[PDB]
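Every chain is numbered from 1 and lettered A, B, ... according to where its sequence line falls, protein lines coming before strand lines.
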Amino acid sequence: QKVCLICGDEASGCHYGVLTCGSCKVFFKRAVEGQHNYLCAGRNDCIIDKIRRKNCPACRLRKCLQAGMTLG
Amino acid sequence: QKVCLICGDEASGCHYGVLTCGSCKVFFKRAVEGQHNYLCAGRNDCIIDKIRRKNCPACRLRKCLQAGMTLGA
DNA sequence: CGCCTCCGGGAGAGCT
DNA sequence: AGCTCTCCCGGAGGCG
Ligand SMILES: [Zn+2]
Ligand SMILES: [Zn+2]
Ligand SMILES: [Zn+2]
Ligand SMILES: [Zn+2]
C-alpha cells in the first residue's frame, strides 16, 4: 500500500500535512529552512518519481507546495 | 533489550534523564504538570512492575524522583 | 540526498 | 469521569 503523493515511492506516513516518503519529508524541511538556489532547467513540468527525484528540486518543491505541505 | 528502571516493562530509551518505558515517560510528564492528588494506601514502599503500575501512582512517582527524573524551568 | 538513532510530545484510543 | 498507554509525528545530530 503506502504511496507518496509527491514521488510515488513508498509512503511512511503523513508529514507536514501530506502523505509522503521519508526522503520527501526531509527534502521539504531542508528546502524551506536552508540555503539552496533551486532552478528548473525545463518548463516547470518535470516528472517527479523515485528515479528522477534528485533531477529537479525546483519542481519537487513546487509539487510539495501545490499539495499543501507546510511548517509550524 | 532495555529494561525500564521504574516498572521493568520494556525501555525505549532515556526519558527526562532516566532509562524508562513509554508509559512511565508519559506518566511522569503528567504527574508533575497536573493537578494529580495521588496518595499511598500502603507504607510508601509499593512494588512497581508492569502488572502493578496502576496501583500506586504515588509510589511510581517517588521511584521516578529517586531515579532523578526531571524536566526544569 | 537518503537514512539512521534518539528524545519530546499531542491525541485518540482503552480501562476501570 | 478520570487515568493510562500506544501510536504517530516533529526536530536535532550523525554518517555513508
Ligand atoms: Zn516521496
Ligand atoms: Zn523542473
Ligand atoms: Zn516503565
Ligand atoms: Zn504506594
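Rounding to the nearest 0.5 Å places OG of B:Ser12 at 9.0 Å from NZ of B:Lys2. Separating the CD1 atom in B:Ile48 from the CG atom in B:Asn55 is a distance of 7.5 Å, to the nearest 0.5 Å. Going from atom NZ of B:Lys50 over to atom SG of B:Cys24 covers 11.5 Å, rounded to the nearest 0.5 Å. Going from atom CG of A:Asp45 over to atom CZ of A:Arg43 covers 9.0 Å, rounded to the nearest 0.5 Å.
Between the side chain of B:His36 and the main chain of B:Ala58, no donor-acceptor pair closer than 3.5 Å is present.
At least one side-chain heavy atom of B:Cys64 sits under 4.5 Å from a side-chain heavy atom of B:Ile6. Proximity of A:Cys7 to A:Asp49: side-chain heavy atoms (C-beta onward) are nowhere separated by under 4.5 Å.
The hydrophobic cluster containing B:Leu5, built from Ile/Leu/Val/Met/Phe/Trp/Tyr side-chain heavy atoms closer than 4.5 Å, also comprises B:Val3, B:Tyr16, B:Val18, B:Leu19, B:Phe27, B:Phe28, B:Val32, B:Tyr38, B:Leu61, B:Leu65, B:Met69, B:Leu71.
The side chain to side chain donor-acceptor pair (under 3.5 Å) pairs that include a residue from residues 58-72 of chain A are A:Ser23-A:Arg60, A:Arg62-A:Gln66, where partners are two or more places apart or lie in different chains. Screening residues 3-27 of chain A for salt bridge (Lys or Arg N to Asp or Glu O under 4.0 Å) gives A:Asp9-A:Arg53 as the qualifying pairs, with residues at least two apart or on separate chains.
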